[PDB]
2 protein chains.
Amino acid sequence: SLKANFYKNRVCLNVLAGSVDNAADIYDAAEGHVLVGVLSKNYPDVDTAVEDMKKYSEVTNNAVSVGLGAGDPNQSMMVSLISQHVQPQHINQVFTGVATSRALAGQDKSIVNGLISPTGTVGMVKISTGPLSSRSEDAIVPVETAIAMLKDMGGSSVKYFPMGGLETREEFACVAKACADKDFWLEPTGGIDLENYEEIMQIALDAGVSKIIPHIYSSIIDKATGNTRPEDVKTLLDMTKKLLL
Amino acid sequence: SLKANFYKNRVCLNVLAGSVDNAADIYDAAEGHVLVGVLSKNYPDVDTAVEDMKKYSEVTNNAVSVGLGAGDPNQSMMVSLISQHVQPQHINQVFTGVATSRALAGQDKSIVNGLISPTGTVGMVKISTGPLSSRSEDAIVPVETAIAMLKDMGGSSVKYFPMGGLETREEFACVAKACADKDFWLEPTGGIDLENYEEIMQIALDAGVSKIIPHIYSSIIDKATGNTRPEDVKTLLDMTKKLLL
Ligand SMILES: [Mg+2]
Ligand SMILES: [Mg+2]
């Protein structure tokens with residue numbers, strides 16, 4: 001079960017689970033059109049992570065997204081090694097970890113995203129997002145080339161982060177158009193909430209992006225419990241059904 | 001046997017072999033301080049290349065370097081799949097193939113190089129050297145960050161190509177400095193001949209690069225036979241001993 005369940009073959013929500021029970025409720029709320037994020041940084045080692053994420057898999061039909069955790073690029077290798085055993089539907093990586101994860105996954109079905117970042121210049125993206133490279137002078141390249149490199153490395157989609165706000169909408173619209181033109185998928189991430197979901201998504205849909213995996217994290221998480229609100233997952237589904245007629 | 005035999009733990013020559021017998025002669029002439037390059041493009045498929053490359057490994061104590069051939073990035077995946085089965089001392093890769101080769105090699109002992117190129121601008125390097133990315137607008141980045149990304153991707157060394165011999169002296173000197181400062185290895189490649197070998201190596205040596213693998217191809221190949229001249233290999237070895245005395 002390696003193929004994510006995109007709604008209308010177009011959109012798959014990606015949200016964090018606070019617990020195995022929370023993952024079950026999110027999966028029901030989304031009618032299965034979702035990927036439940038579980039973060040490697042919440043585990044002391046690969047084996048513990050693997051053992052726990054299998055429990056998430058059992059209640060979501062393997063709709064699990066393995067993530068780095070706290071944006072920490074030093075988690076990249078652990079994510080690759082967990083994913084090799086978990087065989088998830090989705091893997092988050094940094095630019096320098098895309099090829100590793102695809103090689104260790106050993107098949108072409110798992111979605112492997114790659115972190116690239118806005119720069120303040122429409123059409124240019126930052127690709128130095130790895131453990132050591134994230135701390136060097138920025139690597140800034142044409143967004144078309146970034147996508148070609150990600151494709152060369154076995155990547156499935158661009159994870160564009162931090163989305164920020166209105167200041168990066170122009171930059172975002174240009175990344176979405178580049179994705180559509182290179183037939184590549186897109187994963188908007190950062191600051192998405194119930195009030196801006198429709199607008200952001202419409203940009204990617206108008207650009208003609210084929211498959212879109214929006215990441216919606218803290219805006220729908222109850223900080224008292226660490227759980228994603230299932231009622232908010234249902235709202236996102238409703239809005240996604242509306243966006244697509 | 002996966003460790004290249006560096007002369008004085010500093011320099012190992014990389015030269016092409018025209019035949020298994022040529023490889024034996026080359027290995028003797030360099031007193032073992034060599035890697036013998038066999039090119040993926042010279043073979044019809046992975047299995048045919050793997051069988052032949054094993055014969056070169058026998059006569060050289062596995063001092064084999066799997067190459068792309070003809071500077072073609074479309075040989076990248078084949079080099080990775082070949083190296084997986086050959087387990088050579090040295091693998092040549094384009095930037096987007098470094099991580100894949102490291103992953104499918106399955107150990108950290110094989111040297112995996114990454115191709116980055118001069119740009120005309122001291123301190124900036126071109127890294128879009130993969131199959132699709134080579135056809136895209138250039139990705140030009142700071143040499144420091146390219147080395148950091150190569151490390152992040154499991155690489156051992158920078159392959160700086162095409163150098164045009166001493167035509168890119170000043171760009172090369174800055175790459176050697178960056179390699180020395182980030183403690184990364186360097187493989188000068190393109191236009192090296194017996195008359196400029198010393199001056200080119202002295203640049204990387206004065207910069208304090210810890211391990212250098214110079215690639216000397218056409219200038220020492222007998223065009224009548226296609227064989228690399230063992231007497232030229234011995235000349236390069238003696239020059240190397242004199243450089244480090
Ligand atoms: Mg010796
Ligand atoms: Mg000359």
Side-chain angles (χ1 to χ4, degrees), chain A residues 103, chain B residues 1-6 12-94 96-98 100-107 109-115 130-131 156-157 159 161 187 189-190 213-234 236:
Chain B
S1 173
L2 309 176
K3 172 188 170 81
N5 182 3
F6 286 88
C12 187
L13 305 174
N14 189 327
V15 307
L16 293 191
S19 70
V20 166
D21 185 50
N22 188 216
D25 295 358
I26 286 160
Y27 189 81
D28 294 339
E31 298 181 340
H33 304 297
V34 67
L35 296 161
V36 159
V38 192
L39 308 178
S40 82
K41 210 171 169 266
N42 286 338
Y43 300 91
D45 57 32
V46 164
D47 293 335
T48 302
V50 167
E51 288 184 16
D52 215 31
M53 280 176 205
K54 283 190 310 179
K55 290 158 176 153
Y56 286 88
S57 173
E58 299 196 290
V59 300
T60 66
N61 295 327
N62 201 42
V64 163
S65 173
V66 180
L68 301 140
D72 182 9
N74 295 100
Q75 295 294 309
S76 185
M77 182 56 78
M78 195 179 277
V79 166
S80 290
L81 292 172
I82 290 169
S83 303
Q84 180 167 36
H85 299 140
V86 163
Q87 296 288 305
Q89 289 174 12
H90 186 96
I91 297 164
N92 290 272
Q93 270 299 346
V94 295
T96 49
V98 176
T100 304
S101 285
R102 175 68 64 204
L104 305 183
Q107 30 81 14
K109 289 178 195 297
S110 305
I111 295 151
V112 182
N113 79 28
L115 176 66
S156 312
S157 69
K159 174 181 195 184
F161 173 92
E187 312 200 1
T189 312
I213 309 173
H215 285 60
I216 313 92
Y217 300 162
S218 272
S219 61
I220 59 165
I221 291 178
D222 182 314
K223 280 145 189 58
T225 57
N227 283 344
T228 289
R229 297 186 194 95
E231 70 264 33
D232 290 4
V233 174
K234 164 167 178 332
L236 288 164

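So that the names make sense, note that chain A is the first sequence line, chain B the second, and so on, each numbered from 1. We use all heavy atoms of the structure for the numbers below, so side chains are in, but hydrogens, waters and symmetry mates are not.
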The single option from B:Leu13, B:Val36, B:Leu16 passing side-chain contact (heavy atoms from CB on, under 4.5 Å) against B:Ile26: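 With B:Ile26 as partner, B:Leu13, B:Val36, B:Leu16 yield a single side-chain contact (heavy atoms from CB on, under 4.5 Å), made by B:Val36.
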So how far is it from [X] [atom1] to [Y] [atom2], rounded to the nearest 0.5 Å?
X: B:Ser65; Y: B:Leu39; atom1: OG; atom2: CG; result: 8.5 Å
X: B:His90; Y: B:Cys12; atom1: NE2; atom2: SG; result: 9.0 Å
X: B:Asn92; Y: B:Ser101; atom1: CG; atom2: OG; result: 9.5 Å
X: B:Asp21; Y: B:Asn227; atom1: CG; atom2: CG; result: 7.5 Å
X: B:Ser40; Y: B:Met78; atom1: OG; atom2: CE; result: 6.0 Å
X: B:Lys54; Y: B:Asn62; atom1: NZ; atom2: CG; result: 12.0 Å

Polar contact flag, side-chain donor to acceptor under 3.5 angstrom, B:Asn22-B:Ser19: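 No, B:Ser19 and B:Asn22 have no side-chain donor paired with an acceptor closer than 3.5 Å.
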[Y] side chain reached by [X] side chain, heavy atoms, under 4.5 Å:
X: B:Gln89; Y: B:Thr60; answer: no
X: B:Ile91; Y: B:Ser110; answer: yes
X: B:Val15; Y: B:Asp232; answer: no
X: B:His215; Y: B:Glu187; answer: yes

Using every non-hydrogen atom in the two residues, find where [X] and [Y] come nearest and quote the distance to one decimal.
X: B:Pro73; Y: B:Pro131; result: O-CG, 3.5 Å
X: B:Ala30; Y: B:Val34; result: CB-CB, 3.6 Å
X: B:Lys41; Y: B:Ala70; result: CD-CB, 3.8 Å
X: B:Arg102; Y: B:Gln107; result: NH1-O, 3.0 Å
X: B:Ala4; Y: B:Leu35; result: CB-CD2, 4.1 Å
X: B:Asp222; Y: B:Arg229; result: CA-NH2, 3.9 Å

Counting distance only, does the side-chain N/O of [X] pair as donor-acceptor with the main-chain N or O of [Y] below 3.5 Å?
X: B:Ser156; Y: B:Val112; answer: yes
X: B:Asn14; Y: B:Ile213; answer: no
X: B:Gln93; Y: B:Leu115; answer: no

Ring pair (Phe, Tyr, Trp, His ring centres under 6.0 Å) involving B:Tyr43 - partner list, sequence neighbours excluded: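 B:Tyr43 satisfies ring pair (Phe, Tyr, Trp, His ring centres under 6.0 Å) with no other residue.
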B:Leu81: side-chain contact (heavy atoms from CB on, under 4.5 Å) partners, not counting sequence neighbours: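 If we apply the side-chain contact (heavy atoms from CB on, under 4.5 Å) test to B:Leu81, skipping adjacent residues, the hits are B:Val46, B:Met77, B:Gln84, B:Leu104.
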